[PDB]
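Structure record follows, encoded as structure tokens.
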Amino acid sequence: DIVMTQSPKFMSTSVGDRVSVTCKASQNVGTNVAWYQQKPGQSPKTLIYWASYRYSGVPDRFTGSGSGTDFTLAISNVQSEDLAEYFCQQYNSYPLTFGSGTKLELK
Amino acid sequence: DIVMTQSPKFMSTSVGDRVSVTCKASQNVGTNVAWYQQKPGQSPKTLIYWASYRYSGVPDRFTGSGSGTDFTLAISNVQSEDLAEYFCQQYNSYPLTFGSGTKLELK
Amino acid sequence: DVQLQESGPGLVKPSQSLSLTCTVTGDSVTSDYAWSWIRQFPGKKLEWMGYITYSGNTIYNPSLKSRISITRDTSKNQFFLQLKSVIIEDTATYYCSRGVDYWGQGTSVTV
Amino acid sequence: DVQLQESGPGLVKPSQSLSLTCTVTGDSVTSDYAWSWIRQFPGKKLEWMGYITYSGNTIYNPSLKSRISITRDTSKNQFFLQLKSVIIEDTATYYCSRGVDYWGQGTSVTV
Amino acid sequence: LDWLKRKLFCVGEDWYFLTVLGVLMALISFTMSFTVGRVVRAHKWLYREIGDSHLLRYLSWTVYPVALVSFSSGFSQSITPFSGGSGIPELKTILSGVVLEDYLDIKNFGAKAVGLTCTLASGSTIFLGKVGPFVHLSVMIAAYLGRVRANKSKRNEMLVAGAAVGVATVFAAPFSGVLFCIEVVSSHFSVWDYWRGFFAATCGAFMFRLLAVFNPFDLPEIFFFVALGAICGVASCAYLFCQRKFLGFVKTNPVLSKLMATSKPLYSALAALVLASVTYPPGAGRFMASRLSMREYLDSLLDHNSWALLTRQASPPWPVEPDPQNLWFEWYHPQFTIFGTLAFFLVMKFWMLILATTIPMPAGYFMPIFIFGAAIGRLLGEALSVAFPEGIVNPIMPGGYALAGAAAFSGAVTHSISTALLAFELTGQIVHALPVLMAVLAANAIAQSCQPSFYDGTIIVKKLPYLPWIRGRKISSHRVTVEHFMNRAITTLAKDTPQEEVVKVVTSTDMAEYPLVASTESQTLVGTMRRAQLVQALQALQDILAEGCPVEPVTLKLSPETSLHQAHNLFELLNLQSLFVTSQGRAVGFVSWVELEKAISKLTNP
Amino acid sequence: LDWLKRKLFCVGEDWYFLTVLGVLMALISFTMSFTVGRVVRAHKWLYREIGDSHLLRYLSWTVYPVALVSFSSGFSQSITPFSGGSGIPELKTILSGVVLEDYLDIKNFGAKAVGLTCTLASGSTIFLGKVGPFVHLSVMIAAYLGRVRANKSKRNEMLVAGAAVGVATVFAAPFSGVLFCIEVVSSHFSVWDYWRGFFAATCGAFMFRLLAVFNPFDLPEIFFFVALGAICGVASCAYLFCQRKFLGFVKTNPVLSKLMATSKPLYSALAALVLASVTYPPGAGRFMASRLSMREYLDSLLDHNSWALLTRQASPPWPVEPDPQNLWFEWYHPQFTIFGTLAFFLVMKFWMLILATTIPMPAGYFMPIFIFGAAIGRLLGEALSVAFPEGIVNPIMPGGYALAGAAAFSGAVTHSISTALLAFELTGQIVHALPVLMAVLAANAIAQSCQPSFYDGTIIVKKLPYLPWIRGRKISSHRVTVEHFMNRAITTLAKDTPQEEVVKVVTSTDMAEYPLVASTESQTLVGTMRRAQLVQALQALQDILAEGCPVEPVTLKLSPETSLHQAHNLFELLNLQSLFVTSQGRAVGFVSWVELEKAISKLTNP
């Protein structure tokens, strides 16, 4: 299975600051990487289906990027409603793998 | 300049245990990497001139290894006299670069 | 607005085959998509189970080929698992999804 | 048993050219080796200066080409620096070495 | 010193000119590309910007290419009939032996390059490559160089080298391009020609580099590849047939011919217009993946990702402008699955491609074919993936399949398995080495047994003076003996004849090589005489012989009953300029190249 | 169905046999390699282990190779004179036209392969490659296949293909190997032969893969490369000269000849012994970098690190056994600088290499030459590095230089710039594309203007029946006309002659093709007749003609005064089997291949 190693594991910022979650794949994935948001209790709602293409009904501040083996989810102007886990999933290869997940607290 | 990034920066072990200091180069170096020992105050005495070839007058427990872009200094059966900094130097390319250096305390 | 809803038994006895019914509303099962199953452990790590095609050809995770078996009923638009040889390590919150786009609300399986 | 011994002034005034004499015993300067200079900062980070060949052709670090100038006297078997435009950042412990094999004891330069 | 210099000169000189030519070619390719690119960008911008209103958008889409096409046509038309729309076939003909001086003239250069550029700019609507024209240009340049420097063989070699260089430059691909050229253009090639070509290519590459500052396969896999190749060959045969017939129809059908006569540019423009509407992105191009550059399409085809699976996973979004990282999104539609889209493209390009080829302008017809092949390959790959989602007991990468298809189909079209090599070079990887090659071979087998090459077909349509055998071309090549085309006029300087008579003869004809005869009655050859020497002797015929005029004997003698074809072959291979004919020993006549050429022409055109 | 099957058969059959051959070759290469490798390992172990005492060590070093050499010799000697020590040249000769049936016989196979293996095992002391023998083997296999299947041309093509495959297998290198083979062996080659060869190579590669489970350049840089190439060419010329003369001396000098006659194996053994002492690691090999395998040396030469600088930085240690990661440590010494060592190697290999080549056994002589070239290149690179330690305004990597040298020198030796291509393939990188090629070209220029090829030289020494022109080989090729070697015996079936006489003639000679004459007195040709047909007619000569026996006219007629060379060329190119001669129209005689062959033999050996 192609491993999706991501970082940083934990983050703690204020309201307004920028956050950047980085994912890395062992093999080449291309741009076939999707990002999720999971608030504790609820199902993980997708944010960005292909690296740098946002889903319908999502804010513009969730800016994804990358290709090949490295990818980045960048979030600017963080709100109190964005206390959640963020996963990256690949879907180039079978089986479909995921990242471990980045929990995000705020001050 | 070809950067020699090494890890881990700090180490703390007991008498008898194994330690492994890892060096990584940005470009390909080959096996043209030398290891040093610097005790605080004294000049840095070389240990292993080419990756996996020990210098004359050095103990056998200082076992070096690696080629290409990654290298390892492995030390087994650590003594109280081995409280020192350990650098790796490359000498394939000009200019000659060095690692930052690993300080080593003991319990 | 495609919507997926899971249903099944929560508490299960180990070494007894479990099955989860995932119902669909807003979209037909016969459409060409990846009708997939995924599960999340208590430690919050996602693992992909597998999926069925529009025709019926099933694809699974190589690590869980022996135990997993996934089927569908085209009349009711549903997905059925038949996960056998259940172990305490398998205890997880399950998730039935349409590939990557939409996800079900999920159910907490306990062994 | 090749042995190298540095000598020179420790305390120096900035923007005044410094020079360090490295004497050799046990080996001739005219042998085909890399008679090199290296320096270590107070923060314990090593930087390579440059070296002279057996003939006399000098090679330097690209970052310090303008200021550095290194020479030798074959009669006495010594190495002479003429490091110009001295800055407080240049404050370091210097080290005259035969490439990688043998190193000098070194001197603490202060600005 | 002097001796050394002399030694350096000939070989060195030869090398140097070639190098220069290569450099020039490289420069042309770079500059031409630049010219194209900016224009394309501008067009794109216009498309983006002009507005949301439909009519305006349509106009933007449709007018610009049309105008370009017209421009291309106009320049071509003014100079000569054989200028525009002709490259490889002409070159081949030349190589075979018959020379068309119109082809190698440099007055033609400036009008053709511009046309080519225009065509390139017009781009993926018109759907044409640059190869043949480029090759022609290269050949012309080579010829010019030769002239400047100033034997036939040497000239031919030079031309070949030039062609090879041209081929390389278009591909930006030294190693295989030359080989491909050799395969297609010539026969009876030497290794040194090839070497020269390679050198030229290398030089071009170097030039390009300099100018950069400005700017593990399984066993069923093989079977699958073979199948793909076979399919391509099948398709390619059909394509070839279409090409052969459509062109003929155009030539024939009276109204069309009349129209062409009136205004070729008009015809071309009309064709462009027809193409453009069909292409038009929101109406029908959403299905055909229209909104893409020429290279872009290729990139999309040979993409590493497997499309069907991706689609299944997630519905891709249609962007405002085609994504540089994700070209393949253009091929998707919700109502029409990617497969469907591919099929549509295949159907429509074929329909259009022939038409495009037909229109009179400087244009190349290889790249489009290659693209088509790749598309087909990709479809097959996709199908395979669908069949085996897990894969074969590593997953099926359809990019490879696409590549194979491209290699195979083009080869089939072109009767040249250098295509595979070219494809490999383009890829940068030699891991797909065997299977692709095998596929290509298969394609060739099926195509070369049924149909002639694209180029061959074109030649046939033209009725150009090319002697060798071609499939599906009914002609009397074996029937015509030397008796029918030989020169009956001779200047028999027999031993027995008097001196005054000889003098008179000399005064009259002044031929390069006079035949020496035994006696006037028998007319039997006993060697040959040169004219200047004879004149000298006179100034100073049994008597003449006695005095000591050199009798160079006839090395080889043709019969009147020997076939034309054989004679031609002989001429080609031994590098001869003239040859006498004997019937029962008698000097019946004299075969030159000119006569042969005439014969060939006659054969072509009754 | 049946039709389809038939269609599949010929072409498919042809392909299949070739594929099989390729596979076989691959198998041979793998198995042979395995055989070599274990033996080598064992030898190494013995060397390590036998002890510290000197005598024993010496014996270990010296005896094992000697014995192997002897073994190789013995097998070679027993069968035939032209079996052992001959491959490429023989093949070339065959291609040219003259057939030596001894060469293609399969009884020879088992004795030669073993010898080759032995030679390989003996390794870097004896210092010999495997190519030529391998090629020969391949050719033999091809011939066998052809026989099994059972025209000349087709056979020749098959042979060529086989040779190409063999070349590929030794190199483990499909793309260029075939090309190289084509360059060296043949002339008047076709693209389809090349394609076939490529296919074979691919097949071999595939087989190898299957069997794996068992087991940015600057402007002065170019100038430097050119210089290197020139140097190589110079050196190569000298080497060639040495090869030419030494062999001649061996052939000549009476005592040596006598010794050879007595026991070739003894001679070989003696040579091996001589080599071995010189090699011996602690005495002199410490300077020559002796303690290394054949590939190991190559690896060391083409190493990415720059040695001189490294040495300056740090004195390298001499290990107990040669380090797999750091092969180049073997080249260093404290008293003799790396440069010095290299120089020594160059001096000594040259001295030895010729001797090695001389010794009668199945052995290849390309790899050693390549290695030598590489060494020279490396030296140059080192020098450059020393000159410019910083480098040119990226540092000088001497590996590249070494590679270039290898490419260049070998090409010079071999008169083939495919060498460069081969080198590139070996490397795996096409970044050194131009400069290396240029260097190679330069080398060729200097070598091919002064000397003949290694192979050519060998052929000359042999005095084998190869007609074409070679530099530094004085011979009367232009003088001998058809008059001297033509068959005067003819069977003139003139119209006028009676029927009984004709019958008698038929009974007597039964030739394949009888000439048809006009009348008995004049002896003038009016075409040809076949024998079987004539017989049939008789069962059922003006009268005969009237009755209706087909007069196939003479297509082409030679004169008696035409040169042999030209005739030979004609025969080669038009693929003819026989041809009549006319003097003033009269049927003087009849040229076949046999006569030509005889003539060639005569020319070779007075």
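Here, A, B, ... name the chains of the structure tokens in the order displayed, residue numbers run from 1 inside each chain, and ligands are numbered from 1 in the same displayed order.
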
Using only C-alpha atoms and a cut-off of 8 Å, which residues of chain F sit close to chain B? Please list them as number ranges by chain.
F: 305-306, 310, 313-314, 325-326, 390

Do a neighbour search on stretch 1-10 of chain B at 10 Å with only C-alpha atoms, toss out local chain neighbours closer than 5 positions, and write the hits as a ChimeraX atom specification.
/B:20-29,69-72,85,87-90,92-105 /D:61-63

Please save N, CA, C and O atoms of the selected residues as a tab-separated table (two decimals), in the first residue's frame.
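And here is the file that came out, again11.tsv:
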```tsv
chain	number	residue	atom	x	y	z
B	20	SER	N	23.41	5.72	16.95
B	20	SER	CA	23.52	5.81	15.49
B	20	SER	C	23.25	7.24	15.02
B	20	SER	O	22.11	7.71	15.07
B	21	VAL	N	24.30	7.92	14.56
B	21	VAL	CA	24.18	9.28	14.02
B	21	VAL	C	24.09	9.20	12.50
B	21	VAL	O	24.96	8.62	11.85
B	22	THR	N	23.03	9.79	11.94
B	22	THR	CA	22.73	9.72	10.51
B	22	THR	C	23.00	11.06	9.82
B	22	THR	O	22.57	12.11	10.32
B	23	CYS	N	23.71	11.00	8.70
B	23	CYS	CA	23.97	12.17	7.84
B	23	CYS	C	23.32	11.97	6.48
B	23	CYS	O	23.29	10.86	5.95
B	24	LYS	N	22.82	13.07	5.92
B	24	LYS	CA	22.20	13.08	4.60
B	24	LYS	C	22.71	14.26	3.79
B	24	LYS	O	22.86	15.38	4.32
B	25	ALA	N	22.98	14.00	2.51
B	25	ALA	CA	23.46	15.00	1.56
B	25	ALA	C	22.38	15.30	0.54
B	25	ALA	O	21.61	14.42	0.17
B	26	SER	N	22.34	16.55	0.07
B	26	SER	CA	21.37	16.97	-0.93
B	26	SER	C	21.68	16.34	-2.28
B	26	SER	O	20.83	15.66	-2.87
B	27	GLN	N	22.91	16.56	-2.76
B	27	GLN	CA	23.40	15.89	-3.97
B	27	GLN	C	24.10	14.59	-3.62
B	27	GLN	O	24.35	14.30	-2.44
B	28	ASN	N	24.41	13.81	-4.65
B	28	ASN	CA	25.15	12.56	-4.51
B	28	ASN	C	26.60	12.87	-4.15
B	28	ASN	O	27.25	13.69	-4.82
B	29	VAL	N	27.09	12.24	-3.09
B	29	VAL	CA	28.48	12.38	-2.64
B	29	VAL	C	29.34	11.15	-2.99
B	29	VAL	O	30.54	11.28	-3.20
B	69	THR	N	23.60	9.18	-1.04
B	69	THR	CA	23.09	10.38	-0.36
B	69	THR	C	22.89	10.26	1.16
B	69	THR	O	22.78	11.29	1.83
B	70	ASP	N	22.85	9.03	1.69
B	70	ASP	CA	22.65	8.79	3.14
B	70	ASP	C	23.81	8.01	3.76
B	70	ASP	O	24.36	7.09	3.14
B	71	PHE	N	24.19	8.39	4.98
B	71	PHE	CA	25.33	7.78	5.69
B	71	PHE	C	25.01	7.64	7.18
B	71	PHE	O	24.23	8.43	7.72
B	72	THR	N	25.63	6.65	7.82
B	72	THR	CA	25.43	6.41	9.26
B	72	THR	C	26.75	6.11	9.98
B	72	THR	O	27.55	5.30	9.51
B	85	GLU	N	31.44	15.79	20.48
B	85	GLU	CA	30.70	16.13	19.27
B	85	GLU	C	31.19	15.26	18.11
B	85	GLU	O	32.39	14.98	18.01
B	87	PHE	N	30.96	15.09	13.91
B	87	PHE	CA	30.63	15.68	12.62
B	87	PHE	C	30.90	14.70	11.49
B	87	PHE	O	31.81	13.86	11.58
B	88	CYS	N	30.09	14.82	10.43
B	88	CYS	CA	30.41	14.24	9.13
B	88	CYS	C	30.79	15.36	8.16
B	88	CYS	O	30.16	16.43	8.14
B	89	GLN	N	31.83	15.09	7.37
B	89	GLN	CA	32.30	15.97	6.32
B	89	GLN	C	32.22	15.20	5.01
B	89	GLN	O	32.50	14.01	4.98
B	90	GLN	N	31.81	15.87	3.94
B	90	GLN	CA	31.95	15.33	2.58
B	90	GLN	C	33.20	15.91	1.95
B	90	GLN	O	33.65	16.99	2.33
B	92	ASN	N	33.70	15.07	-1.82
B	92	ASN	CA	33.55	14.78	-3.24
B	92	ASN	C	33.63	16.09	-4.01
B	92	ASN	O	34.41	16.22	-4.96
B	93	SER	N	32.82	17.05	-3.58
B	93	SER	CA	32.64	18.32	-4.27
B	93	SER	C	33.41	19.45	-3.60
B	93	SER	O	33.75	19.37	-2.42
B	94	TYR	N	33.65	20.52	-4.37
B	94	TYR	CA	34.12	21.79	-3.84
B	94	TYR	C	32.96	22.79	-3.83
B	94	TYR	O	32.24	22.90	-4.83
B	95	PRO	N	32.75	23.54	-2.74
B	95	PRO	CA	33.58	23.50	-1.53
B	95	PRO	C	33.26	22.32	-0.61
B	95	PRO	O	32.19	21.71	-0.72
B	96	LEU	N	34.19	22.01	0.29
B	96	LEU	CA	34.00	20.96	1.28
B	96	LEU	C	33.05	21.47	2.35
B	96	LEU	O	33.31	22.52	2.94
B	97	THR	N	31.96	20.75	2.58
B	97	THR	CA	30.99	21.13	3.61
B	97	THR	C	31.03	20.16	4.79
B	97	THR	O	31.69	19.12	4.73
B	98	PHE	N	30.34	20.54	5.86
B	98	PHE	CA	30.27	19.76	7.10
B	98	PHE	C	28.84	19.66	7.60
B	98	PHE	O	27.96	20.42	7.17
B	99	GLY	N	28.61	18.73	8.53
B	99	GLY	CA	27.37	18.70	9.30
B	99	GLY	C	27.38	19.72	10.42
B	99	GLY	O	28.42	20.30	10.74
B	100	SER	N	26.22	19.95	11.03
B	100	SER	CA	26.08	20.90	12.14
B	100	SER	C	26.76	20.41	13.42
B	100	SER	O	27.41	21.19	14.13
B	101	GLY	N	26.58	19.12	13.72
B	101	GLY	CA	27.28	18.43	14.82
B	101	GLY	C	26.34	17.89	15.88
B	101	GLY	O	25.40	18.57	16.28
B	102	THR	N	26.60	16.65	16.32
B	102	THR	CA	25.79	15.98	17.34
B	102	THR	C	26.51	15.92	18.69
B	102	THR	O	27.45	15.14	18.86
B	103	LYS	N	26.05	16.73	19.65
B	103	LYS	CA	26.51	16.64	21.04
B	103	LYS	C	25.93	15.37	21.67
B	103	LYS	O	24.80	14.98	21.37
B	104	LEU	N	26.71	14.75	22.56
B	104	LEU	CA	26.34	13.49	23.19
B	104	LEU	C	26.66	13.50	24.69
B	104	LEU	O	27.82	13.38	25.08
B	105	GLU	N	25.62	13.65	25.51
B	105	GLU	CA	25.73	13.48	26.97
B	105	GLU	C	25.44	12.02	27.35
B	105	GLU	O	25.03	11.23	26.51
D	61	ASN	N	36.80	28.79	-0.91
D	61	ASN	CA	35.35	28.69	-0.82
D	61	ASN	C	34.75	29.81	-1.68
D	61	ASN	O	35.14	30.97	-1.51
D	62	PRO	N	33.83	29.48	-2.61
D	62	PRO	CA	33.14	30.48	-3.44
D	62	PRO	C	32.54	31.67	-2.69
D	62	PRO	O	32.55	32.79	-3.21
D	63	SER	N	32.04	31.43	-1.48
D	63	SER	CA	31.45	32.48	-0.64
D	63	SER	C	32.45	33.52	-0.10
D	63	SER	O	32.04	34.61	0.31
```

Contacts of residue F:311 at 10 Å or less, counting only C-alpha atoms, minus same-chain residues fewer than 5 places along, as a PDB file with N, CA, C and O atoms, in the first residue's frame?
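What follows is the written file part_9.pdb:
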```
ATOM      1  N   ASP D  32      52.130  16.087  -2.641  1.00  0.00           N
ATOM      2  CA  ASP D  32      50.817  16.246  -3.284  1.00  0.00           C
ATOM      3  C   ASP D  32      49.687  15.914  -2.303  1.00  0.00           C
ATOM      4  O   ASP D  32      49.216  14.777  -2.236  1.00  0.00           O
ATOM      5  N   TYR D  33      49.278  16.925  -1.541  1.00  0.00           N
ATOM      6  CA  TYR D  33      48.162  16.817  -0.603  1.00  0.00           C
ATOM      7  C   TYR D  33      47.350  18.108  -0.617  1.00  0.00           C
ATOM      8  O   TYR D  33      47.730  19.080  -1.278  1.00  0.00           O
ATOM      9  N   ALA D  34      46.231  18.104   0.112  1.00  0.00           N
ATOM     10  CA  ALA D  34      45.346  19.268   0.220  1.00  0.00           C
ATOM     11  C   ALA D  34      45.591  20.040   1.517  1.00  0.00           C
ATOM     12  O   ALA D  34      44.944  19.782   2.529  1.00  0.00           O
ATOM     13  N   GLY D  99      43.962  18.330   4.711  1.00  0.00           N
ATOM     14  CA  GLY D  99      42.778  17.798   4.050  1.00  0.00           C
ATOM     15  C   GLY D  99      41.769  17.257   5.038  1.00  0.00           C
ATOM     16  O   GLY D  99      40.931  18.001   5.554  1.00  0.00           O
TER      17      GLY D  99
ATOM     18  N   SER F 306      36.136  12.046  -8.795  1.00  0.00           N
ATOM     19  CA  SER F 306      37.381  12.542  -9.405  1.00  0.00           C
ATOM     20  C   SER F 306      38.556  12.198  -8.501  1.00  0.00           C
ATOM     21  O   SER F 306      38.629  12.688  -7.378  1.00  0.00           O
ATOM     22  N   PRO F 316      44.038   6.930   0.411  1.00  0.00           N
ATOM     23  CA  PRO F 316      43.122   5.793   0.475  1.00  0.00           C
ATOM     24  C   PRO F 316      43.815   4.527   0.987  1.00  0.00           C
ATOM     25  O   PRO F 316      45.026   4.383   0.800  1.00  0.00           O
ATOM     26  N   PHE F 329      40.073   2.372  -5.567  1.00  0.00           N
ATOM     27  CA  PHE F 329      41.185   2.257  -4.619  1.00  0.00           C
ATOM     28  C   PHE F 329      42.340   1.397  -5.147  1.00  0.00           C
ATOM     29  O   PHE F 329      43.501   1.656  -4.822  1.00  0.00           O
ATOM     30  N   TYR F 332      45.224   3.333  -6.901  1.00  0.00           N
ATOM     31  CA  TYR F 332      46.130   4.203  -6.134  1.00  0.00           C
ATOM     32  C   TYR F 332      47.393   3.479  -5.662  1.00  0.00           C
ATOM     33  O   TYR F 332      47.366   2.281  -5.362  1.00  0.00           O
ATOM     34  N   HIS F 333      48.493   4.235  -5.604  1.00  0.00           N
ATOM     35  CA  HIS F 333      49.710   3.844  -4.884  1.00  0.00           C
ATOM     36  C   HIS F 333      50.364   5.108  -4.277  1.00  0.00           C
ATOM     37  O   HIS F 333      50.176   6.205  -4.811  1.00  0.00           O
ATOM     38  N   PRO F 334      51.095   4.973  -3.146  1.00  0.00           N
ATOM     39  CA  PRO F 334      51.759   6.159  -2.573  1.00  0.00           C
ATOM     40  C   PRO F 334      52.979   6.650  -3.363  1.00  0.00           C
ATOM     41  O   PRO F 334      53.109   7.853  -3.614  1.00  0.00           O
ATOM     42  N   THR F 337      51.830   7.894  -8.122  1.00  0.00           N
ATOM     43  CA  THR F 337      50.537   8.601  -8.098  1.00  0.00           C
ATOM     44  C   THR F 337      49.550   7.935  -9.065  1.00  0.00           C
ATOM     45  O   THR F 337      49.973   7.252  -9.999  1.00  0.00           O
ATOM     46  N   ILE F 338      48.249   8.124  -8.836  1.00  0.00           N
ATOM     47  CA  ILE F 338      47.187   7.486  -9.631  1.00  0.00           C
ATOM     48  C   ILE F 338      47.436   7.650 -11.109  1.00  0.00           C
ATOM     49  O   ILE F 338      47.279   6.680 -11.863  1.00  0.00           O
TER      50      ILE F 338
END
```

Using only C-alpha atoms, determine which residues lie at most 9 Å from residue C:109, disregarding the query and same-chain residues fewer than 5 positions distant; provide the list as a short mmCIF file (atom, residue, chain, number, x, y, z; two decimals) with N, CA, C and O atoms, in the first residue's frame.
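Result file out.cif:
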```cif
data_model
loop_
_atom_site.label_atom_id
_atom_site.label_comp_id
_atom_site.auth_asym_id
_atom_site.auth_seq_id
_atom_site.Cartn_x
_atom_site.Cartn_y
_atom_site.Cartn_z
N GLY C 8 -27.60 -1.15 10.93
CA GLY C 8 -27.15 -2.48 11.35
C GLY C 8 -26.99 -2.61 12.86
O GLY C 8 -27.27 -1.67 13.60
N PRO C 9 -26.53 -3.80 13.32
CA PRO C 9 -26.32 -4.04 14.75
C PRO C 9 -24.98 -3.48 15.25
O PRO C 9 -23.96 -3.66 14.58
N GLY C 10 -25.00 -2.83 16.41
CA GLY C 10 -23.81 -2.22 16.99
C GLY C 10 -22.95 -3.21 17.76
O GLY C 10 -21.79 -3.44 17.41
N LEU C 11 -23.53 -3.78 18.82
CA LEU C 11 -22.86 -4.79 19.65
C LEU C 11 -22.87 -6.15 18.93
O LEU C 11 -23.92 -6.60 18.47
N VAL C 12 -21.69 -6.76 18.82
CA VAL C 12 -21.52 -8.05 18.12
C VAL C 12 -20.60 -8.97 18.94
O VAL C 12 -19.72 -8.50 19.66
N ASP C 90 -11.04 -5.36 15.04
CA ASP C 90 -11.95 -4.82 14.02
C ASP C 90 -12.95 -3.77 14.54
O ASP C 90 -13.56 -3.06 13.73
N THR C 91 -13.13 -3.68 15.86
CA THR C 91 -13.97 -2.65 16.50
C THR C 91 -13.68 -1.25 15.96
O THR C 91 -12.57 -0.74 16.12
N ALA C 92 -14.68 -0.63 15.33
CA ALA C 92 -14.50 0.64 14.63
C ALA C 92 -15.82 1.33 14.29
O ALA C 92 -16.90 0.74 14.43
N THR C 93 -15.72 2.59 13.87
CA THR C 93 -16.84 3.33 13.31
C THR C 93 -16.79 3.21 11.79
O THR C 93 -15.81 3.62 11.17
N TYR C 94 -17.84 2.65 11.21
CA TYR C 94 -17.89 2.36 9.77
C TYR C 94 -18.48 3.52 8.97
O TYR C 94 -19.20 4.36 9.52
#
```

Using only C-alpha atoms, determine which residues lie at most 9 Å from residue F:113, disregarding the query and same-chain residues fewer than 2 positions distant; provide the list as a tab-separated table (two decimals) with C-alpha atoms, in the first residue's frame.
```tsv
chain	number	residue	atom	x	y	z
F	32	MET	CA	27.90	-18.90	-19.67
F	109	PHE	CA	29.83	-25.53	-31.70
F	110	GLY	CA	30.44	-27.61	-28.54
F	111	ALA	CA	34.24	-27.29	-28.68
F	115	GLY	CA	36.84	-22.64	-24.90
F	116	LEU	CA	35.21	-19.21	-24.76
F	117	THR	CA	33.90	-19.94	-21.27
F	118	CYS	CA	37.37	-21.02	-20.15
F	133	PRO	CA	33.30	-15.94	-30.68
F	134	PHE	CA	29.77	-15.27	-29.46
F	137	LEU	CA	28.22	-18.97	-32.53
F	362	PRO	CA	38.26	-18.70	-29.01
```

Set the distance at 7 Å and use only C-alpha atoms: which residues neighbour residue D:68 once local chain neighbours fewer than 6 positions away are removed? I'd like the list as a list in words.
residues 82, 83 and 84 of chain D

Selection export as a PDB file, in the first residue's frame, atoms kept: C-alpha atoms:
```
ATOM      1  CA  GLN D  82      46.031  37.157   4.593  1.00  0.00           C
ATOM      2  CA  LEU D  83      42.373  37.459   5.548  1.00  0.00           C
ATOM      3  CA  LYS D  84      41.221  41.031   4.823  1.00  0.00           C
TER       4      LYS D  84
END
```

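Of all the residues in chain D, the ones DSSP labels as helix (DSSP H, G or I) from the backbone are residues 62, 63, 64, 88, 89 and 90 of chain D.
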
Record the distance separating atom CA of residue F:289 and atom CA of residue F:328, expressed in Å with one decimal.
8.7 Å

Could you list, as an mmCIF file with C-alpha atoms, in the first residue's frame, every residue within 10 Å of residue F:27, counting only C-alpha atoms and ignoring same-chain residues fewer than 4 positions away?
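The resulting around_12.cif:
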```
data_model
loop_
_atom_site.group_PDB
_atom_site.id
_atom_site.type_symbol
_atom_site.label_atom_id
_atom_site.label_comp_id
_atom_site.auth_asym_id
_atom_site.auth_seq_id
_atom_site.Cartn_x
_atom_site.Cartn_y
_atom_site.Cartn_z
ATOM 1 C CA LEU F 21 17.433 -17.934 -31.947
ATOM 2 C CA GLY F 22 17.489 -14.767 -29.861
ATOM 3 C CA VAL F 23 16.130 -16.655 -26.864
ATOM 4 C CA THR F 31 24.415 -19.723 -18.406
ATOM 5 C CA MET F 32 27.905 -18.903 -19.672
ATOM 6 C CA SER F 33 28.071 -15.902 -17.342
ATOM 7 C CA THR F 169 23.723 -10.537 -26.039
ATOM 8 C CA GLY F 204 17.240 -11.701 -25.662
ATOM 9 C CA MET F 207 14.775 -13.665 -21.722
ATOM 10 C CA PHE F 208 17.464 -12.173 -19.484
ATOM 11 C CA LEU F 211 15.954 -15.336 -15.867
#
```

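Our summary of the geometry notes that atom CA of residue F:400 is positioned 8.7 Å from atom CA of residue F:303.
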